[PDB]
Amino acid sequence: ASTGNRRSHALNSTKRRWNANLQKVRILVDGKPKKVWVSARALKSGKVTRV
Amino acid sequence: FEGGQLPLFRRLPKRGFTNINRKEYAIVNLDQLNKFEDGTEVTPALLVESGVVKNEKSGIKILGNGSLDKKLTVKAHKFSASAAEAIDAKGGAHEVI
Amino acid sequence: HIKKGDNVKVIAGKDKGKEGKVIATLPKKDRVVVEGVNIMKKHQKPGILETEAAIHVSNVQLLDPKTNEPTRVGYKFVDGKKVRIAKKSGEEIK
Amino acid sequence: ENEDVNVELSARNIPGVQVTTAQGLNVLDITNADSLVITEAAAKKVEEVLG
RNA sequence: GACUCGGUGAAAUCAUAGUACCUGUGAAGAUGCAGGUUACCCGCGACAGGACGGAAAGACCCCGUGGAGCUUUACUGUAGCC
RNA sequence: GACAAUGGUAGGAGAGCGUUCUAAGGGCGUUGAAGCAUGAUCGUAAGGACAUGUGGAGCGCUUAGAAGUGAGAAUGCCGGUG
RNA sequence: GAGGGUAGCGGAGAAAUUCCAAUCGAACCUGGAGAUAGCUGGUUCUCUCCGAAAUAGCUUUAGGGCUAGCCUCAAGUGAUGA
RNA sequence: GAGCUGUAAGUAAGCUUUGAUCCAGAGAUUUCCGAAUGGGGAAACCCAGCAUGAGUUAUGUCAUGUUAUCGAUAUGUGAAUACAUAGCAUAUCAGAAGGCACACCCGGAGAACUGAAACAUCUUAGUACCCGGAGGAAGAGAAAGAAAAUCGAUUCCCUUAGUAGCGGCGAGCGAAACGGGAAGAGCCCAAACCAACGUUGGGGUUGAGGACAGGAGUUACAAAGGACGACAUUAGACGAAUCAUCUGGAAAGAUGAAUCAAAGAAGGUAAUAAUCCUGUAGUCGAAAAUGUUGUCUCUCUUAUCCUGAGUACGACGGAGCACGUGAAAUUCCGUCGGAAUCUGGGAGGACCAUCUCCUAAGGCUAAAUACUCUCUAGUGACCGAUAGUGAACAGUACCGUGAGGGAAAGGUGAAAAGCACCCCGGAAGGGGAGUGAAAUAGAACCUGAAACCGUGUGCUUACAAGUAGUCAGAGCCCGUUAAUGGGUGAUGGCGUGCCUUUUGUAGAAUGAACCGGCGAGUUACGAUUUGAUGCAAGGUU
Ligand SMILES: [K+]
Ligand SMILES: [K+]
Ligand SMILES: [Mg+2]
Ligand SMILES: [Mg+2]
Ligand SMILES: [Mg+2]
Ligand SMILES: [Mg+2]
Ligand SMILES: [Mg+2]
Ligand SMILES: [Mg+2]
Ligand SMILES: [Mg+2]
Ligand SMILES: [Mg+2]
Ligand SMILES: [Mg+2]
Ligand SMILES: [Mg+2]
Ligand SMILES: [Mg+2]
Ligand SMILES: [Mg+2]
Ligand SMILES: [Mg+2]
Ligand SMILES: [Mg+2]
Ligand SMILES: [Mg+2]
Ligand SMILES: [Mg+2]
Ligand SMILES: [Mg+2]
Ligand SMILES: [Mg+2]
Ligand SMILES: [Mg+2]
Ligand SMILES: [Mg+2]
Ligand SMILES: [Mg+2]
Ligand SMILES: [Mg+2]
Ligand SMILES: [Mg+2]
Ligand SMILES: [Mg+2]
Ligand SMILES: [Mg+2]
Ligand SMILES: [Mg+2]
Ligand SMILES: [Mg+2]
Ligand SMILES: [Mg+2]
Ligand SMILES: [Mg+2]
Ligand SMILES: [Mg+2]
Ligand SMILES: [Mg+2]
Ligand SMILES: [Mg+2]
Ligand SMILES: [Mg+2]
Ligand SMILES: [Mg+2]
Ligand SMILES: [Mg+2]
Ligand SMILES: [Mg+2]
Ligand SMILES: [Mg+2]
Ligand SMILES: [Mg+2]
Ligand SMILES: [Mg+2]
Ligand SMILES: [Mg+2]
Ligand SMILES: [Mg+2]
Ligand SMILES: [Mg+2]
Ligand SMILES: [Mg+2]
Ligand SMILES: [Mg+2]
Ligand SMILES: [Mg+2]
Ligand SMILES: [Mg+2]
Ligand SMILES: [Mg+2]
Ligand SMILES: [Mg+2]
Ligand SMILES: [Mg+2]
Ligand SMILES: [Mg+2]
Ligand SMILES: [Mg+2]
Ligand SMILES: [Mg+2]
Ligand SMILES: [Mg+2]
Ligand SMILES: [Mg+2]
Ligand SMILES: [Mg+2]
Ligand SMILES: [Mg+2]
Ligand SMILES: [Mg+2]
Ligand SMILES: [Mg+2]
Ligand SMILES: [Mg+2]
Ligand SMILES: [Mg+2]
Ligand SMILES: [Mg+2]
Ligand SMILES: [Mg+2]
Ligand SMILES: [Mg+2]
Ligand SMILES: [Mg+2]
Ligand SMILES: [Mg+2]
Ligand SMILES: [Mg+2]
Ligand SMILES: [Mg+2]
Ligand SMILES: [Mg+2]
Ligand SMILES: [Mg+2]
């Protein structure tokens, strides 16, 4: 997750974060099936296949 | 700071712009061409070598201040009208380079 | 370069010009005790002891074997040994 | 004229005597001296360099 | 307790002080200025009218484009929630 | 020689005194340096000498250079002593 | 009574702005940090010449500032000063 | 190469030319705590298991090794559950942990006082602090670049330039390319395509290339080693030349006469030394270990297809770019969408077309550069004991529950010769006598200012009203840097300290008990002006 700013209309700055769209799925890590937190963009990409 | 009275450089407006492609020429007047012998061929290299022009800038321009009493051949990027007239009148020639 | 048993001349101090045997050497302090030189009178509690007090080694000088004149001493090698030799003459020092 | 090692070594320990080359001439050294002893070649080189 | 004697022995304060009163003068309430009046030098026990007595760079009051806590239908935000 | 001018806060201008260090020159000092103390001394001022005592090993002068360069006040800091 | 827990943008409070290691409207220590201080106080040798102002205008300005006015120093100009 | 058993005196007992103490290289030993790791624990302690060994009839006791957790490898064994897996037991490895000068470096995260003469955008500032990771440097780096006549990786210095630009267009913020320099170095893959049984080899690496058709090296470009030599470092050795007199306690000073110098740096020696000592110039030296290094060696080598895909890119929200969303290109992050395939793709500050330059979405790379807890050798118009480190003798004493704060304190003499002995005194302390040049150098020890405290007395003072002085002035007492002198002062005139701040202060407005020390316009870089100086249509780097 990256840090940045939330900006008001008067441009007042407040620190905020951008979180990943993590989804808890099972992806068979190192041969062994395992439920892990994985980003939806990573699931779209195709490097990680569920089940 | 004027103690809270609106300062002078705020009560006055901004004016104009700056040209990015502004061309500025090194200038040689007629009176500076009098140091060369009769029949000389004047060139930016010769003007630089002789100390007439330190920084060449966008090019050399000949202007018409002073009197030209020596016949010359002048090769410069720009000439003022009086410079060309006084160079040619004294029997010399000029070329635009 | 000044050793116990040496015959030395005192070249500075109260007893300048006197000769004596080097009784003791205090190399850490660079001082020697010369017999008959720098006699102090100390108040012994359980009289007045009269005994030599050390003087700086630079106030004594060796005497040359030949001329019997004061001499600085150099060093030379003879069959893997360092031997004191006089500057004035060059003869080895006892 | 140039770095003369034997002259420099012979004159080094004499108090009041200083040795320099023609290139090494400086105002403090000349001003301090009461007299200048310069060789013919060194004089010629000085005359050449200083015009 | 105070007071006298033996022992021991601080403190706040303090421009230098041989430090009178009256009427006046004066930054408009004087030991210290003017004119008078009064007064030999040095202690000790007492009293508190003055030294605008000591203590704390007035808490009141005003001022600083000083601070802090608090309020709200002041401004601008924001945790959170819908 | 003969005329003028010379009170002064904020403040402007000028010229100097003294302190430590440096360079060069020239000097002093156990027949007693610096420091300290006393004095009836000199200079327009800041200040400079000399003599004597104390002290016991360093220190002036000239020209120029450089500054941690001059205290009476900050309810200043430290020490000593009232 | 003993052994433990809650910590300062916080705890705890039968509620007093009450307690949190002898001053709590926001503990203590260190750092940012020589915060900032249009406010108060202080600012060290000498002499020589000149010598103000406490006004106007504008100013979230009124015990601050800016320009002008008044001081000084230096060059000019020369009748323009009284 | 003769002393030695630390500081560090004192004995006692010893060691040492049969070579000690001491110095350097390398070894051996190295309790306990601490990441601390057998378990526990209020660090420096308590309590164990297992194997082996002492001891005891035997138990108790002891010695040695081994036993943390997470990783790694390999042997089994075993669920829910049939195969399996998870899990469990055992052996082997000793990979991680923690620390720091963690100063410099990279990254994560990130204020506020402050400036804007208020303040929110902005600024302070991507600074302080916190956290993570390392190295001797790090980072960057081999053009989808700078540009517009061409250059050719990165970095760093000068300059461009306080320019262009950004900016409640306020306060402020603020480049880059060109040019001049330091240094200089280039490379490896993925892919197509072959050989073999998708995985290994071969091959290939770009601005058009590829597929297909001896010379280089462990500093990147592959990686381990030996032989000999060199140098340097870590102990050391040699190393010229002066005598006399004088004053003195002492000579190095003065005086006279000499000498050496590749050595006249410096320090010491009883005062100030080129020639007395330690040294200096110069020369020499390593058993051992450690480096850097050269040669030999030793290694390796001789446009048909492809060219990085959830990528580039786009929307929305942000951030980084000098640049605040703006005409905002260029770089990155989250969410969501989402290409092209040499007739390709990217940039040249919106964007389009042409032109020009380049070839992203894989990786590696020395040097020039940053810093100093350190080490070695040196330096200073730097301090000299209230200075200089807080600390010359201390992170101690002391203060605090703790984090933490944090002092004061240097000098006998040349040499202890540190006062035998006598006298008063319980002692302390003195007076003599001695030592010493000096004892008013006697350890509270160089010099010894002032405040302050005493003893003696030349003049003066008990009828007097006061910022203590000043001007006048008898009397008395002295006699000097010998000056129309010094001390004191009956009596008379005049006279409300200083500083600050004020219209104005004796002020009853402020400040100071006194004395001493310390204590406030400085420096750097820019600007402007004046004086000085050099040159001058040139001046200057
Ligand atoms: K000596
Ligand atoms: K008052
Ligand atoms: Mg009673
Ligand atoms: Mg009593
Ligand atoms: Mg008055
Ligand atoms: Mg009145
Ligand atoms: Mg009255
Ligand atoms: Mg009166
Ligand atoms: Mg009384
Ligand atoms: Mg009273
Ligand atoms: Mg009062
Ligand atoms: Mg007040
Ligand atoms: Mg108040
Ligand atoms: Mg009141
Ligand atoms: Mg005057
Ligand atoms: Mg007058
Ligand atoms: Mg001035
Ligand atoms: Mg002056
Ligand atoms: Mg002066
Ligand atoms: Mg001095
Ligand atoms: Mg000062
Ligand atoms: Mg004071
Ligand atoms: Mg007192
Ligand atoms: Mg806490
Ligand atoms: Mg309560
Ligand atoms: Mg209360
Ligand atoms: Mg209340
Ligand atoms: Mg309390
Ligand atoms: Mg700050
Ligand atoms: Mg402050
Ligand atoms: Mg006047
Ligand atoms: Mg007024
Ligand atoms: Mg306004
Ligand atoms: Mg341990
Ligand atoms: Mg343990
Ligand atoms: Mg443990
Ligand atoms: Mg391991
Ligand atoms: Mg391990
Ligand atoms: Mg580290
Ligand atoms: Mg680190
Ligand atoms: Mg502000
Ligand atoms: Mg860290
Ligand atoms: Mg780290
Ligand atoms: Mg030697
Ligand atoms: Mg010698
Ligand atoms: Mg002699
Ligand atoms: Mg590519
Ligand atoms: Mg941005
Ligand atoms: Mg950008
Ligand atoms: Mg942009
Ligand atoms: Mg783009
Ligand atoms: Mg002192
Ligand atoms: Mg100190
Ligand atoms: Mg005695
Ligand atoms: Mg006695
Ligand atoms: Mg006696
Ligand atoms: Mg005595
Ligand atoms: Mg004395
Ligand atoms: Mg003394
Ligand atoms: Mg009477
Ligand atoms: Mg009388
Ligand atoms: Mg009176
Ligand atoms: Mg009077
Ligand atoms: Mg006034
Ligand atoms: Mg008033
Ligand atoms: Mg007064
Ligand atoms: Mg009064
Ligand atoms: Mg006041
Ligand atoms: Mg007071
Ligand atoms: Mg004082
Ligand atoms: Mg200033």
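Values in this text are rule-based calculations from the coordinates and carry no lab data. Cβ: placed from backbone, ideal geometry, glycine included. Neighbour counts: every protein chain shown.
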When 1/r is averaged over all different Cα pairs and the result inverted, which Kirkwood radius in Å belongs to chain B?
15.5 Å
For labels at C:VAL73 and B:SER50 in the simple 7 Å Cα→Cβ model, what's the distance in nm?
8.8 nm
Mean projection of the alpha-carbon convex hull of the protein assembly as shown over all orientations, in nm²?
60.3 nm²
Estimated [θ] at 222 nm from DSSP helical runs (n ≥ 4, -39500 (n - 2.57)) normalised by residues in chain D, nearest 500
-12500 deg cm²/dmol
If amide H atoms are modeled at 1.01 Å from N in the peptide plane, then the residues at a separation of 5 or more from C:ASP6, or on another chain, having amide H under 5 Å from its own are C:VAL22
Taking placed amide H atoms and a strict 5 Å upper bound, the residues 5 or more places from B:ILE62 or on another chain that come that close are B:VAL28, B:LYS78, B:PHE79, B:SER80
Nearest 5 percent is fine: what portion of the DSSP beta bridges confined to the protein assembly as shown is antiparallel?
75 percent
For chain D, the longest principal axis of the Cα atoms and the Cα long axis of helix D:40-50 enclose an angle in degrees, to the nearest 10, of 60 degrees
Mean residue ellipticity (222 nm) of chain B, computed from DSSP H runs ≥ 4 via -39,500 (n - 2.57), nearest 500
-4500 deg cm²/dmol
Sparsely packed trypsin sites (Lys or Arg not before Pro) within chain B, loop by DSSP, other Cβ within 10 Å at most 11:
B:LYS14, B:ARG15, B:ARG22, B:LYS23, B:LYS54
Rounded to whole Hz, the Karplus (6.51, -1.76, 1.60) HN-Hα couplings of segment B:73-89, x for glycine and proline
10, 10, 10, 9, 6, 9, 9, 6, 4, 5, 5, 4, 5, 6, 6, 6, 5
Helix-only estimate, please: 222 nm mean residue ellipticity of chain A, summing -39500 (n - 2.57) across DSSP H runs of length 4 or more and dividing by its residues, to the nearest 500.
-2500 deg cm²/dmol
Mind giving me the nanometre distance, one decimal, between the label points for D:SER10 and B:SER82, set 7 Å out from Cα along Cα→Cβ?
7.3 nm
Can you tell me which of C:29-36, A:7-14, B:39-46 comes out highest on packing, and rank the rest after it, using the mean Cβ neighbours within 10 Å?
C:29-36, B:39-46, A:7-14
Taking the Cα-to-Cβ direction at B:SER67 and at B:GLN5 and moving 7 Å from each Cα, how far apart do the two end points lie in nm?
5.4 nm
Under 5 Å between amide hydrogens, which residues at least 5 positions from A:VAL25 or on another chain qualify, with H placed 1.01 Å from N in the peptide plane?
A:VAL36, A:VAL38
Over 20 Å between Cα atoms: which of B:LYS23/B:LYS54; B:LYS54/B:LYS75; C:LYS21/C:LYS82; C:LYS29/C:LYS94; C:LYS14/C:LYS42; C:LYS18/C:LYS45 fall into that group?
C:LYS21/C:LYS82; C:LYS29/C:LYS94; C:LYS18/C:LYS45
With +1 on the Cβ of every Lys and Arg and -1 on the Cβ of every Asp and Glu, the dipole magnitude of segment C:1-93 about its Cα centre, in debye rounded to the nearest 20, is 320 debye
